[PDB]
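Residue-level listing of the chains:
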Amino acid sequence: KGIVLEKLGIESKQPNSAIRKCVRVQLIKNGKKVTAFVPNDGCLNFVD
Amino acid sequence: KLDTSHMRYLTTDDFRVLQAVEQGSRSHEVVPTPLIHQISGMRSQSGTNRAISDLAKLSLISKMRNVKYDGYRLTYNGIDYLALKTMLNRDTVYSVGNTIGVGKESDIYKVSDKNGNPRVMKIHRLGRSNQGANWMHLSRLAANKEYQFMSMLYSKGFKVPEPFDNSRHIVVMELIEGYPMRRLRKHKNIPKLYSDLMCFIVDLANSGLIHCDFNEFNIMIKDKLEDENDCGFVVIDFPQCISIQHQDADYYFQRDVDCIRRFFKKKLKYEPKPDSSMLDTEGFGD
Amino acid sequence: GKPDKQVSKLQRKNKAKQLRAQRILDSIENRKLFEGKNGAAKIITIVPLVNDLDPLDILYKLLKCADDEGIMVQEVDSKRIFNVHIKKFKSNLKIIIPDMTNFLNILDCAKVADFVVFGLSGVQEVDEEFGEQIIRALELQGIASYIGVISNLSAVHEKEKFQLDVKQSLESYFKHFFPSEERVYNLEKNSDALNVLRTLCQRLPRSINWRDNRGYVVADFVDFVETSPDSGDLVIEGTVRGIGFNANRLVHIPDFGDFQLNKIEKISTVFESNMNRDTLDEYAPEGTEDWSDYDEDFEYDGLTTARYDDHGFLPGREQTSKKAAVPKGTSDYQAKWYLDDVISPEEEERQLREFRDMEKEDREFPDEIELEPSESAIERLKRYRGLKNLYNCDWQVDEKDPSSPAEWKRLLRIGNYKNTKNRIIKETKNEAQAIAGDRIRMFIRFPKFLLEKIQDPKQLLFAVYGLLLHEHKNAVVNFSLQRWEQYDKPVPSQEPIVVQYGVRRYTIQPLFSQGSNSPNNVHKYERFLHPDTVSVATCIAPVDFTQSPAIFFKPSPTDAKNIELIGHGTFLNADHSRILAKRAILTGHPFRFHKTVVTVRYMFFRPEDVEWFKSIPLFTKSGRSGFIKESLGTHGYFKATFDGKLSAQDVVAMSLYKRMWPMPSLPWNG
Amino acid sequence: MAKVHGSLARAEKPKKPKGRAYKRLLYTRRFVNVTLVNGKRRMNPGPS
RNA sequence: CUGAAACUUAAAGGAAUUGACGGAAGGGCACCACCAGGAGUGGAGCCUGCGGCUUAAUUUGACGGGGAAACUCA
């Protein structure tokens, strides 16, 4: 389980340009930070 | 041929892809699809395909697939276009084209700047097309060496005009409001210009430069004023020049003097009262 | 450098006991805000979702398990706000009832409460016109820990097997909007009443981020101190909740506005407002001195061509040497050959169907405009620019306009909002004079004439919300925008719409656009709201430095709920670099077709319209760019070229842009 | 989307049979009524 | 000498089979290539075709049977 931190607009070119709509998340139990993919949203209007 | 109206159909990404093509085509012989996809450093395959299709339907990139080897080939007009974009990055070319004079290896159009002043251009199409690399490379180096010749002639007080840039084999020159003697009919002060035109031969040969094709069609005469008739003599003999250390300069020199005396005895009916400038005095002058 | 680590078993149990030592330490330090003897304040708001419930019955059914008659005997007669202390769990409670005749009052109740309790009926189904929008509006304004509960389960048939099916129906309904909880609880069961009383006493409520980063006081006693005949001093006795209050920052009051502080007094020190006060002005006078370097004062009157000279032609000089030759009766041709020298509910439904016609045509033809032969496009299109690519051209914010509001120059311009909001939360946690959980005496500089509009603090709430640095100062800001479900009624970009972001409400005419990221930060101005995706809405509004959610409405008093809730959104950015430009499309039909050049019909009606518009590129709705060739006919007929070969089913379009600015803001009352 | 609260059971295209009758419908679709398409077994044919 | 881990990556590699590409080489074999020439063009005026300029239109492709005041006319 985690608490979100930021909005990561990473651009990733070859071969497919993935417009990465993904969220940096701080976990709870250990206090280290991982990146995290948000599926199926075209807009990411849900994970604020 | 060259139809310059079509390169403004291209976006920023299209000549970014064209810059990737000219970067990848100078390392190998034929550049394929993934070197254009990778050397460009841009995001998507789709934009590369759209830009390559934009150059293809404008006949700037030729698609070739010789048995499982996809590749692309630059024509003359694409490298003319990217040279004019890197001329636009040097913020001077703005609006191009009236064809005045078609040479063998250099075609002359009529251009302008952002300031709106009248200028011209010198393209270089060596071979006109079975494109390789030697033709366009030799056009590029010929344009470069005539740019250094052009700057060296302008820097030494001659009546040879001002250069600006040597953007690949595309050479941008100042327009001169000048007339040839095919159009010119009669002049008031013919011996003064004849003195200026032997003095031009004298200080070229003192510099060591021997302009050989020095016919009537060479001399361009600017008319600065209409009330006082101020004059300037523009000489275009740039690929036919030969050095003073060459072995066959003697009949070139007396041919230049013989042509100027026969052209001034034919049309304007003016005879040289001083003697002709012979080769050895100019040889010791350099 | 340093050798490898071999962690032993004793080092591992030291690791575990140290992490659990500090973690039980700060969990206790988070839980010592709720010392239920003296220093505790828990806020309960009980709202029922149908017309036919009385919330004092829910209060009755909950506190019959605490077994205290005399508190209710005090609580019957005429009181609405209560301060109940329980000895069963040793916690201090404060319970807020809403007035059901005002929706904004219910919003004010639940936006301050640490617990929101939803009352439900086992007899009547909840309203899709009242209670659903209660659920959605509170849901989008932000809810802490919530309780869902029933009180009409005895009113159905007394066999309990029928009652558990009703309980499962309430559970399936309450799971649809609150998936954090799964059980709808009963007040008719005494042990379940003990369970929900235990959860409202003991459980840590979750923190709503926007309100707990500014600090807020709920008020129990209001008193007034006269200082001047025009303005005096309010007295507020309450408990501070949040990040705290400073004597220099401004404080917002709902339905009253922003006010400035005089002095503070804690009883559980005395501090005062020094020379570092935030002034009660909406535009900072230092913002006049910020915009000192004007760059673009480009005039449009002395232009032979359009503003495309960064990407088009050269300025063409036309030295007109007009000399008149007089034979009696002569056209322009012979005179050109002679002297050549070479050197109220009906109005509402009316505006409703004309605007609905506008977005249905705007859905069909996006941003086209028609030209008559009588009207000439010369004086119509002075201010438009015909740039080839929107996302590559170089605009600037600094450009002037005769359509400018004069207070655009006096605007608060933040460079990076990301560093600014983290900075403002770190000093507003640093020099907080009073930390939360203290009984505070708070004094407000306040004008005399607004004292009629206050109410009894035990009959109506008095929420006190602090604001951050420069929060009263205006700027151009941005909001996200998503339309609510089953809302197909149109909104254009110029009508008064009141935004509820935070506790302040402000009437605005917001600019509508699409949030596609640009290298030059330009965006497409759309005339109406996009019905499919999340649009974006920037405007001139006071700044909010906590990214609070925004709810969008207009007051519609035709319904019993006198509010038309439009959509929702969030405070995105306060940027002056983000700019908007409309696109004008002039339609045209390609008349005759040929391998190289295409004759185009019905584009303009004059040749000099083509001569002025000789620079601007053409594009086709089929996806093909083009350029014009020569003005052929006197009726606006011209020749044009294209990238390929078009048919009779394609249409020629022409893009023109002029810059659109946001509109100012005013607060809303009632 | 949001169900109305009257979901209490106690106190458009035609619907599709389920359970054993669906297995009947698949049997008579595939083997009782074999659709001879281009010498092959085409499931889901279009306009052809 | 002994010898990791975090992390990153869908290929790295072995044998074998063909050959676009050659500005490697060698032949043919051509007055749309050259030598031997001849007639010339490009130099002068004029006709025509394309481009340019102007136009209200110089309709228009790359010789279009596109010879030409009404027609052909687009």
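Method information in the entry identifies cryo-EM as the source of the structure, with 3.8 Å recorded as the resolution.

Draft legend 1. Representation of the arrangement of the chains. In this structure chain A stays clear of chain D, and the shortest span between their C-alpha atoms is 18 Å. Without any contact between them, chain B and chain D keep their closest C-alpha atoms 31 Å apart.

Draft legend 2. Layout of the sheet that holds strand 6 (residues 163-167) of chain B. Residues and elements named next belong to chain B. Strand order in the open sheet formed by five strands is 3-4-5-7-6, with antiparallel pairing between adjacent strands. Two strands close off the open sheet at either side, each with one partner strand: strand 3 (95-96) and strand 6. The pairing of strand 5 (residues 118-122) with strand 7 (residues 170-174) spans four bridges and is antiparallel. In the strand pairing of strand 7, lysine 122 is matched with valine 171. In the packing of helix 4 (residues 76-88) onto the sheet, the strands contacted are strand 3, strand 6 and strand 7, and the crossing angle to strand 6 comes to about 130 degrees. Helix-sheet contacts for helix 5 (residues 134-154) involve strand 6 and strand 7, and the interaxial angle to strand 6 is about 165 degrees.

Draft legend 3. The packing of aromatic side chains, seen in detail. Evaluated as defined, the whole model comprises 27 aromatic pairs over all chains. Relative to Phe627(C), the ring of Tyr9(B) lies with its centre 5.5 Å away and its plane at 85 degrees, an arrangement referred to as edge-to-face. One end of the pair, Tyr9(B), is in the segment before helix 1 (12-24); the other, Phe627(C), is in strand 27 (residues 624-630), on a second chain. Accessibility classification places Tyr9(B) together with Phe627(C) in one group, the buried group. The ring centre of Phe627(C) lies 3.5 Å from the NZ or CZ of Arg8(B), which sits over that ring.

Draft legend 4. Seen up close, the protein's contact with RNA strand E. The local shell around RNA strand E holds 15 residues, among which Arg182(B), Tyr333(C), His594(C), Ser631(C) and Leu632(C) are the closest. Here the atoms of RNA strand E within 4 Å of the protein split so that 82% fall in sugar or phosphate, with bases taking the remainder. Within the contact set of RNA strand E, a base nitrogen lies 2.8 Å away from a side-chain nitrogen or oxygen of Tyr333(C). At a separation of 3.3 Å, a sugar or linking oxygen of RNA strand E approaches a polar side-chain atom of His594(C).

Draft legend 5. Representation of the interface of chain B and chain C. On the side of chain C, 14 residues touch chain B, which itself brings 11 residues to the contact. At the boundary of chain B with chain C, total buried surface from both sides reaches about 1000 Å², with 47% on carbon and sulfur atoms. The largest share of the area that chain B buries against chain C comes from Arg8(B), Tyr9(B) and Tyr94(B), three residues that together contribute 60% of it. For the interface between chain B and chain C, the tally reads zero salt bridges. At the surface where chain B touches chain C, the tally comes to six residue pairs in polar contact.

Draft legend 6. Structural detail: empty space enclosed by the protein. Residues and elements named next belong to chain C. Estimated volume of the largest cavity: approximately 140 Å³. Along its surface, the largest cavity is lined by 16 residues, and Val476, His576, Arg578, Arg659 and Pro662 are the ones closest to its centre. Those elements that place two or more of their residues in the lining of the largest cavity are strand 20 (535-542), strand 23 (579-586) and strand 30 (655-660). Considering only residue class, the lining of the largest cavity consists of 11 nonpolar, two polar and three charged. Estimated volume of the second largest cavity: approximately 100 Å³. Lining the second largest cavity we find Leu33, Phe34, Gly39, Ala40, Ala41, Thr239, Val240, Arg241, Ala436 and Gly437. Counted by class, the lining of the second largest cavity contains six nonpolar, three polar and one charged residues.

Draft legend 7. Here's a closer look at the layout of surface pockets. Residue and element names in this part refer to chain B. Computed from the structure, the second largest pocket encloses a volume of approximately 1600 Å³. Every residue lining the second largest pocket is counted, 43 residues in all, and those nearest its centre are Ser106, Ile108, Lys122, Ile236 and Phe238. Mapped by element, the contributors of at least two residues to the lining of the second largest pocket are strand 4 (108-112), strand 5, helix 5 and strand 7. With six residues, the top contributor of residues to the lining of the second largest pocket is helix 5. Within the lining of the second largest pocket, the residues separate by chemical class into 23 nonpolar, nine polar and 11 charged.

Draft legend 8. Main features of the pattern of salt bridges. Within the structure shown, the criterion is met by 37 salt bridges over all chains. Here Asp113(B) ties to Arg119(B) by a salt bridge, and the two come within 3.1 Å at their closest N and O atoms. Across the pair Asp488(C) and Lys489(C) runs a salt bridge, and its minimum N-O distance is 3.7 Å. The exposed category is assigned to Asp488(C), whose relative accessible area is 56%. One network of salt bridges, with partners in common, ties together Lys94(C), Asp220(C), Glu237(C), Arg439(C) and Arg441(C).

Draft legend 9. The environment of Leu164(C), seen in detail. Residues and elements named next belong to chain C. Within the fold, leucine 164 resides in helix 6 (residues 160-175). Take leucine 164: its relative accessible area is 47%, and that puts it in the partly exposed class. As a C-alpha pair, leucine 164 and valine 50 span 114 residues in sequence and 21 Å in three-dimensional space.

Draft legend 10. Here's a closer look at helix 6 (residues 190-207) of chain B. Residues and elements named next belong to chain B. With 18 residues, helix 6 extends 26 Å from end C-alpha to end C-alpha; this agrees with the ideal 26 Å at 1.5 Å per step. Those residues of helix 6 not exposed but buried are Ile190, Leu193, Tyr194, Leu197, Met198, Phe200, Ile201, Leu204 and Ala205. Projection of helix 6 onto a plane perpendicular to its axis shows the buried side chains occupying an angular sector of 140 degrees, all on one side. Buried positions along helix 6 lie against helix 5, strand 9 (209-210), strand 10 (219-223), strand 11 (231-235), helix 7 (249-266) and helix 8 (279-285). With its phi angle positive at about 100 degrees, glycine 208 sits one or two positions after the end of helix 6.

Draft legend 11. Looking closely at the interface of chain A and chain B. Residue-level contacts link five residues of chain A with six residues of chain B. Between chain A and chain B, roughly 500 Å² of surface is buried when both sides are summed, and carbon and sulfur atoms account for 47% of that area. It is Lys13(A), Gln14(A) and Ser17(A) that lose the most area in chain A upon contact with chain B, and together they represent 75% of the buried surface on that side. For the pair chain A and chain B, the interface holds zero salt bridges. The tally of links from chain A across to chain B stands at three residue pairs in polar contact. A class-by-class count of the residues in the side of chain A that touches chain B yields one nonpolar, two polar and two charged.

Draft legend 12. Summary view of the nonpolar core. Residues and elements named next belong to chain C. By size, the foremost hydrophobic cluster in this structure holds 41 residues, and its most contacted members are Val477, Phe479, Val499, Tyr501, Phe552 and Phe571. Residue assignment for this core shows that the elements contributing at least two residues are helix 12 (417-430), strand 15 (474-483), strand 16 (497-501), strand 20 and strand 21 (549-554). Examining the composition of this core, we find that five residues originate from one element, strand 15, more than from any other. With near-sequence residues (within four places) excluded, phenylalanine 571 lies in contact with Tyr417, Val477, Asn478, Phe479, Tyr501, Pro542, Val543, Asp544, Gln547 and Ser548.

Reading guide: rules and limits
Residues numbered from 1 in each chain as written, not as in the entry; some residues may be left out. Chains lettered and ligands numbered in written order. Part of a larger assembly, values for the part shown. Heavy atoms only, no water. Residues with missing side-chain atoms left out of burial classes, pairs and counts. Contact = heavy atoms within 4.5 Å. Pairing = 2+ DSSP bridges. Helix = DSSP H or I, 4+ residues; strand = E, 2+ residues; numbered from the N terminus. Axes fitted to C-alpha atoms, helices over the stretch in contact; angles between N-to-C directions. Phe/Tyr/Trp six-rings, centres within 6.5 Å; stacked < 30°, edge-to-face > 60°. Buried < 20%, exposed > 50% of the residue type's maximum accessible area, 1.4 Å probe, protein only. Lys NZ or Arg CZ within 6 Å of the ring centre and 35° of its normal. Near = heavy atom within 4 Å. Polar contact = N/O pair within 3.5 Å; in protein donor to acceptor, adjacent residues only side chain to side chain. Buried area = accessible area lost by both parts, 1.4 Å probe. Salt bridge = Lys/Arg side-chain N within 4 Å of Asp/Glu carboxyl O. 1 Å grid on protein atoms, 1.4 Å probe; cavity = no way out; pocket = protein on both sides within 12 Å on 5 of 7 lines; lining within 4 Å. Points joined across faces, edges and corners; volume = space filled by probe spheres on them. Nonpolar A, V, L, I, M, F, W, Y, C, P; charged D, E, K, R; others polar. Expected span 1.5 Å × (residues − 1). Arc of directions from axis to C-beta. Core = buried A, V, L, I, M, F, W, Y, C linked by side-chain atoms within 4.5 Å.

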